[PDB]
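> What follows is coords.pdb, PDB, C-alpha atoms.
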```
ATOM      1  CA  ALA Y  99       0.000   0.000   0.000
ATOM      2  CA  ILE Y 100       1.135   3.533  -0.882
ATOM      3  CA  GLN Y 101      -0.112   6.972   0.188
ATOM      4  CA  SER Y 102       0.585  10.708   0.024
ATOM      5  CA  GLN Y 103       2.621  10.372  -3.196
ATOM      6  CA  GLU Y 104       4.265  13.734  -3.979
ATOM      7  CA  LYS Y 105       6.243  14.962  -7.007
ATOM      8  CA  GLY Y 106       7.952  17.845  -5.222
ATOM      9  CA  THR Y 107       9.821  20.104  -7.678
ATOM     10  CA  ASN Y 108      12.740  22.333  -6.620
ATOM     11  CA  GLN Y 109      13.936  24.915  -9.164
ATOM     12  CA  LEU Y 110      17.611  25.827  -8.576
ATOM     13  CA  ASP Y 111      20.693  27.139 -10.329
ATOM     14  CA  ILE Y 112      21.754  23.561 -11.066
ATOM     15  CA  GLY Y 113      18.328  22.987 -12.654
ATOM     16  CA  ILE Y 114      14.980  21.428 -11.873
ATOM     17  CA  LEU Y 115      14.898  18.403  -9.586
ATOM     18  CA  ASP Y 116      12.156  15.902  -8.743
ATOM     19  CA  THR Y 117      12.001  14.776  -5.114
ATOM     20  CA  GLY Y 118       9.061  14.002  -2.857
ATOM     21  CA  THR Y 119       7.677  11.891  -0.051
ATOM     22  CA  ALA Y 120       5.538   8.779  -0.491
ATOM     23  CA  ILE Y 121       4.361   6.754   2.516
ATOM     24  CA  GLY Y 122       3.987   2.990   2.155
ATOM     25  CA  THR Y 123       2.721   0.119   4.310
ATOM     26  CA  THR Y 124       3.912  -3.466   3.847
ATOM     27  CA  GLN Y 125       2.584  -6.935   4.645
ATOM     28  CA  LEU Y 126       3.424  -8.975   7.739
ATOM     29  CA  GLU Y 127       6.740 -10.817   8.294
ATOM     30  CA  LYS Y 128       8.618  -8.555   5.820
ATOM     31  CA  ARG Y 129      11.697  -6.755   7.188
ATOM     32  CA  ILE Y 130      12.631  -3.928   4.837
ATOM     33  CA  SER Y 131      16.051  -2.275   5.060
ATOM     34  CA  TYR Y 132      17.429   1.198   4.472
ATOM     35  CA  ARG Y 133      17.721   2.238   0.806
ATOM     36  CA  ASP Y 134      15.701  -0.705  -0.491
ATOM     37  CA  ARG Y 135      14.219  -0.156  -3.952
ATOM     38  CA  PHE Y 136      10.704  -0.546  -5.362
ATOM     39  CA  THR Y 137       9.298  -0.174  -8.865
ATOM     40  CA  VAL Y 138       5.647  -0.044  -9.937
ATOM     41  CA  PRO Y 139       5.311  -1.119 -13.609
ATOM     42  CA  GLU Y 140       1.579  -0.351 -13.646
ATOM     43  CA  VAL Y 141       1.941   3.368 -12.910
ATOM     44  CA  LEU Y 142       3.518   5.585 -15.575
ATOM     45  CA  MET Y 143       4.819   9.108 -14.939
ATOM     46  CA  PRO Y 144       5.059  11.924 -17.523
ATOM     47  CA  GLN Y 145       8.354  13.742 -17.947
ATOM     48  CA  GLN Y 146       9.632  16.289 -20.456
TER      49      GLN Y 146
ATOM     50  CA  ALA S   2      34.644  46.329 -27.032
ATOM     51  CA  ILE S   3      32.340  45.090 -24.286
ATOM     52  CA  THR S   4      33.499  41.770 -22.834
ATOM     53  CA  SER S   5      31.227  38.783 -22.154
ATOM     54  CA  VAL S   6      33.463  36.552 -20.050
ATOM     55  CA  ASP S   7      30.904  33.743 -19.760
ATOM     56  CA  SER S   8      30.501  33.248 -23.514
ATOM     57  CA  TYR S   9      34.271  33.305 -24.023
ATOM     58  CA  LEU S  10      34.663  30.718 -21.263
ATOM     59  CA  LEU S  11      32.061  28.457 -22.862
ATOM     60  CA  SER S  12      33.573  28.753 -26.339
ATOM     61  CA  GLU S  13      37.071  28.029 -25.030
ATOM     62  CA  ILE S  14      35.945  25.157 -22.804
ATOM     63  CA  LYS S  15      33.741  23.130 -25.138
ATOM     64  CA  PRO S  16      36.076  22.231 -28.055
ATOM     65  CA  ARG S  17      39.133  22.136 -25.799
ATOM     66  CA  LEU S  18      37.429  19.868 -23.266
ATOM     67  CA  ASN S  19      36.208  17.585 -26.048
ATOM     68  CA  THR S  20      39.711  17.371 -27.518
ATOM     69  CA  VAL S  21      41.278  16.664 -24.124
ATOM     70  CA  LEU S  22      38.779  13.900 -23.383
ATOM     71  CA  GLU S  23      39.242  12.539 -26.915
ATOM     72  CA  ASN S  24      42.577  10.815 -26.241
ATOM     73  CA  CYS S  25      43.878   8.745 -23.340
ATOM     74  CA  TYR S  26      47.511   9.903 -23.293
ATOM     75  CA  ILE S  27      46.675  13.465 -22.249
ATOM     76  CA  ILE S  28      44.251  12.231 -19.586
ATOM     77  CA  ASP S  29      46.886   9.877 -18.172
ATOM     78  CA  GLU S  30      49.325  12.792 -18.070
ATOM     79  CA  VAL S  31      46.731  14.883 -16.227
ATOM     80  CA  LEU S  32      45.762  12.218 -13.679
ATOM     81  CA  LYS S  33      49.307  11.093 -12.869
ATOM     82  CA  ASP S  34      48.995  11.781  -9.138
ATOM     83  CA  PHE S  35      45.608  10.115  -8.646
ATOM     84  CA  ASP S  36      45.170   6.512  -7.581
ATOM     85  CA  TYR S  37      44.689   3.672 -10.048
ATOM     86  CA  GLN S  38      41.031   3.045  -9.211
ATOM     87  CA  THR S  39      39.529   6.504  -9.733
ATOM     88  CA  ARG S  40      41.803   7.231 -12.694
ATOM     89  CA  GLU S  41      40.801   4.074 -14.546
ATOM     90  CA  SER S  42      37.117   4.461 -13.668
ATOM     91  CA  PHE S  43      37.023   8.002 -15.049
ATOM     92  CA  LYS S  44      38.922   6.885 -18.148
ATOM     93  CA  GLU S  45      36.452   4.049 -18.711
ATOM     94  CA  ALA S  46      33.427   6.295 -18.222
ATOM     95  CA  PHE S  47      34.310   9.497 -20.074
ATOM     96  CA  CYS S  48      37.633   9.132 -21.886
ATOM     97  CA  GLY S  49      38.062   7.930 -25.449
ATOM     98  CA  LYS S  50      36.417   8.651 -28.780
ATOM     99  CA  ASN S  51      33.822   5.900 -28.278
ATOM    100  CA  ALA S  52      32.903   6.926 -24.726
ATOM    101  CA  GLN S  53      29.275   6.146 -23.930
ATOM    102  CA  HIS S  54      29.007   8.627 -21.062
ATOM    103  CA  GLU S  55      29.590  12.301 -21.803
ATOM    104  CA  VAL S  56      30.098  15.519 -19.852
ATOM    105  CA  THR S  57      28.211  18.761 -20.474
ATOM    106  CA  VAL S  58      28.567  22.462 -19.722
ATOM    107  CA  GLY S  59      26.013  25.247 -19.433
ATOM    108  CA  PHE S  60      24.902  28.294 -17.519
ATOM    109  CA  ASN S  61      22.971  28.366 -14.269
ATOM    110  CA  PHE S  62      19.205  28.314 -13.761
ATOM    111  CA  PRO S  63      18.269  26.137 -16.756
ATOM    112  CA  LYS S  64      14.534  25.500 -16.904
ATOM    113  CA  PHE S  65      15.187  21.944 -18.134
ATOM    114  CA  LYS S  66      16.637  19.046 -16.189
ATOM    115  CA  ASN S  67      20.431  18.978 -16.309
ATOM    116  CA  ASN S  68      22.608  15.877 -16.221
ATOM    117  CA  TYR S  69      24.232  15.434 -12.808
ATOM    118  CA  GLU S  70      26.586  12.570 -13.637
ATOM    119  CA  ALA S  71      29.249  15.077 -14.705
ATOM    120  CA  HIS S  72      28.598  18.701 -15.620
ATOM    121  CA  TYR S  73      30.407  22.041 -15.617
ATOM    122  CA  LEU S  74      28.250  24.821 -14.156
ATOM    123  CA  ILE S  75      29.009  28.507 -14.743
ATOM    124  CA  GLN S  76      27.669  31.628 -13.053
ATOM    125  CA  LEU S  77      28.689  35.201 -13.641
ATOM    126  CA  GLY S  78      29.717  36.499 -10.224
ATOM    127  CA  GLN S  79      30.834  39.936  -9.108
ATOM    128  CA  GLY S  80      32.867  42.667 -10.779
ATOM    129  CA  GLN S  81      34.811  45.766  -9.838
ATOM    130  CA  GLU S  82      36.589  48.725 -11.423
ATOM    131  CA  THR S  83      40.270  48.838 -10.472
ATOM    132  CA  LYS S  84      42.220  51.295 -12.655
ATOM    133  CA  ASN S  85      41.595  54.281 -14.909
ATOM    134  CA  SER S  86      43.523  56.524 -17.288
ATOM    135  CA  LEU S  87      43.406  60.273 -17.787
ATOM    136  CA  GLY S  88      40.158  61.215 -19.481
ATOM    137  CA  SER S  89      39.362  57.484 -19.575
ATOM    138  CA  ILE S  90      41.616  57.333 -22.647
ATOM    139  CA  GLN S  91      42.923  53.853 -23.470
ATOM    140  CA  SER S  92      44.266  54.115 -27.027
ATOM    141  CA  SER S  93      44.041  56.048 -30.287
ATOM    142  CA  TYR S  94      43.404  54.484 -33.692
ATOM    143  CA  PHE S  95      43.460  55.873 -37.223
ATOM    144  CA  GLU S  96      41.659  52.893 -38.803
ATOM    145  CA  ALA S  97      38.781  50.965 -37.262
ATOM    146  CA  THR S  98      39.949  47.490 -36.250
ATOM    147  CA  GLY S  99      38.039  44.422 -35.111
ATOM    148  CA  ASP S 100      39.294  41.150 -33.662
ATOM    149  CA  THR S 101      42.800  39.754 -34.074
ATOM    150  CA  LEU S 102      42.820  36.744 -36.416
ATOM    151  CA  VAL S 103      45.312  33.942 -37.035
ATOM    152  CA  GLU S 104      45.213  32.331 -40.492
ATOM    153  CA  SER S 105      47.380  29.769 -42.250
ATOM    154  CA  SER S 106      48.277  30.771 -45.811
ATOM    155  CA  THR S 107      50.599  29.062 -48.287
ATOM    156  CA  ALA S 108      52.905  31.334 -50.280
ATOM    157  CA  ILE S 109      51.990  32.151 -53.891
ATOM    158  CA  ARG S 110      53.982  33.457 -56.866
ATOM    159  CA  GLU S 111      53.190  36.803 -58.489
ATOM    160  CA  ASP S 112      55.083  38.262 -61.428
ATOM    161  CA  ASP S 113      57.089  40.622 -59.186
ATOM    162  CA  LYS S 114      56.351  39.403 -55.639
ATOM    163  CA  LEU S 115      55.709  36.392 -53.493
ATOM    164  CA  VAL S 116      52.377  36.884 -51.712
ATOM    165  CA  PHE S 117      50.054  35.402 -49.115
ATOM    166  CA  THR S 118      46.278  35.589 -49.477
ATOM    167  CA  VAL S 119      43.974  35.993 -46.473
ATOM    168  CA  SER S 120      40.246  35.628 -45.822
ATOM    169  CA  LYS S 121      39.577  39.298 -45.022
ATOM    170  CA  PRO S 122      41.362  42.639 -45.511
ATOM    171  CA  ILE S 123      44.212  43.770 -43.265
ATOM    172  CA  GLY S 124      44.172  46.706 -40.886
ATOM    173  CA  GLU S 125      47.563  45.866 -39.388
ATOM    174  CA  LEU S 126      50.058  43.018 -39.741
ATOM    175  CA  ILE S 127      51.475  41.904 -36.393
ATOM    176  CA  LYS S 128      53.642  38.906 -37.284
ATOM    177  CA  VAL S 129      54.500  36.409 -40.000
ATOM    178  CA  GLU S 130      55.769  33.117 -38.604
ATOM    179  CA  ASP S 131      59.562  32.710 -38.679
ATOM    180  CA  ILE S 132      60.099  35.760 -40.924
ATOM    181  CA  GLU S 133      61.804  39.117 -40.315
ATOM    182  CA  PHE S 134      61.442  41.052 -43.564
ATOM    183  CA  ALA S 135      64.327  43.369 -44.424
ATOM    184  CA  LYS S 136      64.286  46.560 -46.485
ATOM    185  CA  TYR S 137      65.298  44.589 -49.588
ATOM    186  CA  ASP S 138      62.135  42.485 -49.357
ATOM    187  CA  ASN S 139      60.048  45.703 -49.113
ATOM    188  CA  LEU S 140      57.114  44.245 -47.195
ATOM    189  CA  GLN S 141      53.836  45.757 -48.410
ATOM    190  CA  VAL S 142      50.190  45.075 -47.540
ATOM    191  CA  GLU S 143      47.540  45.845 -50.181
ATOM    192  CA  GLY S 144      44.117  45.028 -48.752
ATOM    193  CA  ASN S 145      43.615  41.266 -48.609
ATOM    194  CA  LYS S 146      47.183  40.228 -49.437
ATOM    195  CA  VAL S 147      50.741  40.812 -48.215
ATOM    196  CA  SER S 148      53.705  40.721 -50.570
ATOM    197  CA  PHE S 149      57.506  40.693 -50.772
ATOM    198  CA  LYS S 150      60.139  40.710 -53.518
ATOM    199  CA  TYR S 151      60.190  37.653 -55.783
ATOM    200  CA  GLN S 152      63.771  37.411 -57.024
ATOM    201  CA  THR S 153      66.054  36.956 -53.999
ATOM    202  CA  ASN S 154      63.463  34.802 -52.157
ATOM    203  CA  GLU S 155      62.574  32.489 -55.066
ATOM    204  CA  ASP S 156      63.591  29.382 -53.073
ATOM    205  CA  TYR S 157      60.484  29.805 -50.865
ATOM    206  CA  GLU S 158      57.811  29.806 -53.591
ATOM    207  CA  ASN S 159      55.513  27.481 -51.601
ATOM    208  CA  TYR S 160      56.370  28.404 -48.003
ATOM    209  CA  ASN S 161      53.691  26.895 -45.749
ATOM    210  CA  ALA S 162      53.474  30.008 -43.573
ATOM    211  CA  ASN S 163      50.843  31.212 -41.119
ATOM    212  CA  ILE S 164      49.825  34.783 -40.316
ATOM    213  CA  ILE S 165      48.683  36.726 -37.253
ATOM    214  CA  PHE S 166      46.823  39.832 -38.425
ATOM    215  CA  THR S 167      43.949  42.209 -37.643
ATOM    216  CA  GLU S 168      40.685  42.785 -39.484
ATOM    217  CA  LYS S 169      39.909  46.086 -41.203
ATOM    218  CA  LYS S 170      36.474  47.655 -40.697
ATOM    219  CA  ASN S 171      36.549  51.310 -41.798
ATOM    220  CA  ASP S 172      38.964  54.074 -42.743
ATOM    221  CA  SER S 173      37.568  56.413 -40.079
ATOM    222  CA  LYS S 174      39.541  57.443 -36.997
ATOM    223  CA  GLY S 175      38.545  57.996 -33.404
ATOM    224  CA  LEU S 176      39.409  57.675 -29.735
ATOM    225  CA  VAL S 177      39.066  54.710 -27.383
ATOM    226  CA  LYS S 178      37.325  55.649 -24.128
ATOM    227  CA  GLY S 179      36.972  53.146 -21.319
ATOM    228  CA  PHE S 180      38.458  51.666 -18.175
ATOM    229  CA  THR S 181      39.708  48.390 -16.705
ATOM    230  CA  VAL S 182      37.380  46.017 -14.849
ATOM    231  CA  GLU S 183      38.420  43.285 -12.408
ATOM    232  CA  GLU S 184      35.824  40.526 -12.722
ATOM    233  CA  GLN S 185      35.184  37.282 -10.844
ATOM    234  CA  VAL S 186      33.449  34.285 -12.429
ATOM    235  CA  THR S 187      32.498  31.095 -10.593
ATOM    236  CA  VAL S 188      32.804  27.603 -12.080
ATOM    237  CA  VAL S 189      31.765  24.399 -10.312
ATOM    238  CA  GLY S 190      31.682  20.746 -11.334
ATOM    239  CA  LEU S 191      28.718  18.602 -10.317
ATOM    240  CA  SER S 192      28.569  14.849  -9.766
ATOM    241  CA  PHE S 193      26.816  12.475  -7.398
ATOM    242  CA  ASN S 194      30.167  10.621  -7.278
ATOM    243  CA  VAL S 195      32.804  12.629  -5.425
ATOM    244  CA  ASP S 196      35.774  11.025  -7.196
ATOM    245  CA  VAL S 197      34.344  12.031 -10.568
ATOM    246  CA  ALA S 198      34.058  15.575  -9.221
ATOM    247  CA  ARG S 199      37.709  15.547  -8.145
ATOM    248  CA  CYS S 200      38.895  14.338 -11.547
ATOM    249  CA  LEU S 201      36.630  16.867 -13.263
ATOM    250  CA  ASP S 202      38.156  19.658 -11.180
ATOM    251  CA  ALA S 203      41.653  18.518 -12.136
ATOM    252  CA  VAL S 204      40.707  18.539 -15.824
ATOM    253  CA  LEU S 205      39.246  22.019 -15.377
ATOM    254  CA  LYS S 206      42.506  23.221 -13.840
ATOM    255  CA  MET S 207      44.507  21.782 -16.728
ATOM    256  CA  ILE S 208      42.365  23.436 -19.388
ATOM    257  CA  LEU S 209      42.612  26.747 -17.526
ATOM    258  CA  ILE S 210      46.392  26.329 -17.630
ATOM    259  CA  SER S 211      46.265  25.567 -21.350
ATOM    260  CA  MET S 212      44.066  28.586 -22.090
ATOM    261  CA  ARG S 213      46.804  31.057 -21.105
ATOM    262  CA  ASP S 214      48.405  30.632 -24.546
ATOM    263  CA  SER S 215      45.158  31.634 -26.275
ATOM    264  CA  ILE S 216      45.251  34.802 -28.365
ATOM    265  CA  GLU S 217      42.070  36.347 -26.980
ATOM    266  CA  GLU S 218      42.889  36.220 -23.269
ATOM    267  CA  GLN S 219      46.494  37.115 -24.072
ATOM    268  CA  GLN S 220      45.089  40.300 -25.634
ATOM    269  CA  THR S 221      41.927  40.882 -23.576
ATOM    270  CA  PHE S 222      41.730  38.892 -20.314
ATOM    271  CA  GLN S 223      45.179  39.105 -18.737
ATOM    272  CA  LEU S 224      45.970  38.455 -15.060
ATOM    273  CA  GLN S 225      44.164  35.180 -14.468
ATOM    274  CA  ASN S 226      43.798  34.129 -10.825
ATOM    275  CA  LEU S 227      42.171  31.014  -9.385
ATOM    276  CA  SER S 228      40.570  30.082  -6.076
ATOM    277  CA  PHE S 229      39.012  26.791  -4.995
ATOM    278  CA  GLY S 230      36.274  26.121  -2.470
ATOM    279  CA  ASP S 231      35.644  23.108  -0.282
ATOM    280  CA  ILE S 232      33.927  19.927  -1.393
ATOM    281  CA  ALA S 233      30.368  20.373  -0.152
ATOM    282  CA  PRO S 234      27.012  18.627  -0.658
ATOM    283  CA  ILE S 235      25.232  20.862  -3.136
ATOM    284  CA  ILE S 236      21.865  19.187  -2.491
ATOM    285  CA  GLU S 237      20.626  16.869   0.265
ATOM    286  CA  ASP S 238      16.903  16.627  -0.592
ATOM    287  CA  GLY S 239      17.389  14.059  -3.352
ATOM    288  CA  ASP S 240      17.743  10.325  -2.914
ATOM    289  CA  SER S 241      21.500  10.933  -3.109
ATOM    290  CA  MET S 242      23.619  14.019  -2.582
ATOM    291  CA  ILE S 243      25.168  16.193  -5.266
ATOM    292  CA  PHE S 244      28.843  16.922  -4.593
ATOM    293  CA  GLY S 245      30.727  19.829  -6.125
ATOM    294  CA  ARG S 246      33.765  22.015  -5.492
ATOM    295  CA  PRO S 247      33.249  25.614  -6.675
ATOM    296  CA  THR S 248      36.159  27.439  -8.276
ATOM    297  CA  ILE S 249      36.470  31.202  -8.717
ATOM    298  CA  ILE S 250      38.271  32.609 -11.758
ATOM    299  CA  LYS S 251      39.403  36.229 -11.937
ATOM    300  CA  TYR S 252      40.184  38.280 -15.030
ATOM    301  CA  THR S 253      41.125  41.825 -15.999
ATOM    302  CA  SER S 254      39.625  43.332 -19.142
ATOM    303  CA  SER S 255      39.245  46.774 -20.692
ATOM    304  CA  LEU S 256      35.656  47.817 -21.303
ATOM    305  CA  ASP S 257      35.901  50.491 -23.975
ATOM    306  CA  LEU S 258      34.003  52.324 -26.700
ATOM    307  CA  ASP S 259      35.256  53.884 -29.935
ATOM    308  CA  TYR S 260      34.481  57.611 -30.222
ATOM    309  CA  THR S 261      34.762  58.703 -33.849
ATOM    310  CA  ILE S 262      36.168  62.057 -34.974
ATOM    311  CA  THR S 263      34.967  63.942 -38.058
ATOM    312  CA  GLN S 264      37.585  66.725 -37.874
ATOM    313  CA  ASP S 265      40.212  66.475 -40.624
ATOM    314  CA  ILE S 266      42.558  69.358 -41.437
ATOM    315  CA  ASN S 267      43.756  69.723 -45.029
ATOM    316  CA  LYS S 268      44.444  73.457 -45.541
ATOM    317  CA  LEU S 269      46.190  76.336 -43.786
ATOM    318  CA  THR S 270      45.367  80.061 -43.754
ATOM    319  CA  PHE S 271      48.524  81.808 -42.495
ATOM    320  CA  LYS S 272      47.861  85.539 -42.941
ATOM    321  CA  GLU S 273      49.299  88.606 -41.223
ATOM    322  CA  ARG S 274      47.506  91.588 -39.687
ATOM    323  CA  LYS S 275      47.831  95.347 -40.122
ATOM    324  CA  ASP S 276      47.075  98.344 -37.914
TER     325      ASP S 276
END
```
How does the structure come out when it is put into structure tokens?

Amino acid sequence: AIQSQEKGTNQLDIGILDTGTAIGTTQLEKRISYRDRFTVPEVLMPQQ
Amino acid sequence: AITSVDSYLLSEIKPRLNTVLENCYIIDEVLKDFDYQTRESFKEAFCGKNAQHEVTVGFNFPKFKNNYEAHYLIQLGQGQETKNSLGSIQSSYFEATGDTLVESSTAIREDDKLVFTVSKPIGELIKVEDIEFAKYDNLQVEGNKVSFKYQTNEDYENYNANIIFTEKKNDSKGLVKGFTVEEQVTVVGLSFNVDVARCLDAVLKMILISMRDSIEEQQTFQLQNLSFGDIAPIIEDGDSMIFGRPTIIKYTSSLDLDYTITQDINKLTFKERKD
């Protein structure tokens, strides 16, 4: 499960940057670790 | 001649950086002091003609996303006026002159003279490579081409010379009014890998060293000084930090404007008086 998904944009001298918070909730017995990675094939995101 | 330091920096950096990254020998010479690991990783990533990864350079505040694997970032910085001349006078010219050009030109035979052709007319001839024309050669410039006596020099009919000269714009004359400006420009390399940033900074230093032989900054942007900042995390809000080490470059240039003169004396009216 995933919630609060945010595409926070910061415009800076280096350029634009995409960073935001998304809150997720797992199943039982699963022990996630720091800097684990997830990918959602179903959901597509537009970029230019 | 108003000076745009940023554009000059970009134009000098891009082809020179590409050429430096083209070959491995120069890069190995540059990165002699670095360890094997970082040196070889950078060479694998960026060095070579067939490199898959590539660096980029551009100005600050681009509305588009900018590649943060390896990039050179420029911003204009401060400026100050340091020295002035009397009446703000810098120089006087009889013929309007533009930029200083260097052109290769093979010698040619003309019925009385050996000559070199050039792309554009000549306002003033500074130097011909490895030549010191004497009175006998009677060096003369006639618009596009420069010429010297055929007979005693006939061994050199195809001399592969090159020429440093100046463009001609107009026959008018005027005064140069302006001052000197001491300007600071900031350059920083960006990379999420700190070692890549270090190597990028070293390459930047080398190309700055190499630039000092360039005609334009030899004539326009003397007194180059450098200053380096500390390695700092540029951004922390991403999934991974951006690391960069800003560098400050200083230059001295003469902002000036040509003030034309329409007064030309060609007659004299020396007459006495009576009482």
> Could you list, as an MDAnalysis selection string, every residue of chain Y that has an atom within 9 Å of an atom of chain S, counting only C-alpha atoms?
chainID Y and resid 109:118 133 146
> Kindly indicate which residue among Y:131, Y:125, Y:119, Y:145 lies nearest to residue Y:104, using all atoms listed in the file for the distances.
Y:119
> Which residues fall under the PyMOL selection byres ((chain S and resi 124-126) around 10) in this file, as a ChimeraX atom specification?
/S:95-99,101,121-123,127-129,141-145,147,164-172
> Take atom CA of residue S:194 and atom CA of residue S:244 and report the distance between them in Å, one decimal.
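Pair atom CA of residue S:194 / atom CA of residue S:244 returns 7.0 Å.
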> Please expand the PyMOL selection byres ((chain S and resi 109) around 12) into the concrete residues it hits in this file, giving the result as a list in words.
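What the PyMOL selection byres ((chain S and resi 109) around 12) grabs from the file is residues 106, 107, 108, 110, 111, 112, 113, 114, 115, 116, 117, 118, 119, 146, 147, 148, 149, 150, 151, 154, 155, 156, 157, 158, 159, 160, 161 and 162 of chain S.
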> Just to be explicit: take each residue in the selection above, keep C-alpha atoms, and write the result as a PDB file, in the coordinates of the input.

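That gives us out09.pdb:
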```
ATOM      1  CA  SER S 106      48.277  30.771 -45.811  1.00  0.00           C
ATOM      2  CA  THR S 107      50.599  29.062 -48.287  1.00  0.00           C
ATOM      3  CA  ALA S 108      52.905  31.334 -50.280  1.00  0.00           C
ATOM      4  CA  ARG S 110      53.982  33.457 -56.866  1.00  0.00           C
ATOM      5  CA  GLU S 111      53.190  36.803 -58.489  1.00  0.00           C
ATOM      6  CA  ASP S 112      55.083  38.262 -61.428  1.00  0.00           C
ATOM      7  CA  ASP S 113      57.089  40.622 -59.186  1.00  0.00           C
ATOM      8  CA  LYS S 114      56.351  39.403 -55.639  1.00  0.00           C
ATOM      9  CA  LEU S 115      55.709  36.392 -53.493  1.00  0.00           C
ATOM     10  CA  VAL S 116      52.377  36.884 -51.712  1.00  0.00           C
ATOM     11  CA  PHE S 117      50.054  35.402 -49.115  1.00  0.00           C
ATOM     12  CA  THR S 118      46.278  35.589 -49.477  1.00  0.00           C
ATOM     13  CA  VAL S 119      43.974  35.993 -46.473  1.00  0.00           C
ATOM     14  CA  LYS S 146      47.183  40.228 -49.437  1.00  0.00           C
ATOM     15  CA  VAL S 147      50.741  40.812 -48.215  1.00  0.00           C
ATOM     16  CA  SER S 148      53.705  40.721 -50.570  1.00  0.00           C
ATOM     17  CA  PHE S 149      57.506  40.693 -50.772  1.00  0.00           C
ATOM     18  CA  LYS S 150      60.139  40.710 -53.518  1.00  0.00           C
ATOM     19  CA  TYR S 151      60.190  37.653 -55.783  1.00  0.00           C
ATOM     20  CA  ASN S 154      63.463  34.802 -52.157  1.00  0.00           C
ATOM     21  CA  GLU S 155      62.574  32.489 -55.066  1.00  0.00           C
ATOM     22  CA  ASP S 156      63.591  29.382 -53.073  1.00  0.00           C
ATOM     23  CA  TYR S 157      60.484  29.805 -50.865  1.00  0.00           C
ATOM     24  CA  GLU S 158      57.811  29.806 -53.591  1.00  0.00           C
ATOM     25  CA  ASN S 159      55.513  27.481 -51.601  1.00  0.00           C
ATOM     26  CA  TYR S 160      56.370  28.404 -48.003  1.00  0.00           C
ATOM     27  CA  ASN S 161      53.691  26.895 -45.749  1.00  0.00           C
ATOM     28  CA  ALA S 162      53.474  30.008 -43.573  1.00  0.00           C
TER      29      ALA S 162
END
```
> If the PyMOL selection byres ((chain S and resi 137) around 10) is run on the structure shown, which residues does it catch, given as a list in words?
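When the PyMOL selection byres ((chain S and resi 137) around 10) is applied, the selected residues are residues 134, 135, 136, 138, 139, 140, 149, 150 and 153 of chain S.
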> Mind listing as a PyMOL selection string all residues within 12 Å of (8.1, 2.2, -1.6), counting all atoms listed in the file?
chain Y and resi 99-103+118-124+130-138
> Excluding stretch 88-90 of chain S and residues on its chain fewer than 6 positions from it, collect all residues at most 8 Å away from it, counting all atoms listed in the file, and give them as a list in words.
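Close residues of stretch 88-90 of chain S: residues 176, 177, 178, 179 and 180 of chain S.
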> What's the separation between atom CA of residue S:226 and atom CA of residue S:245, in Å to one decimal place?
19.9 Å
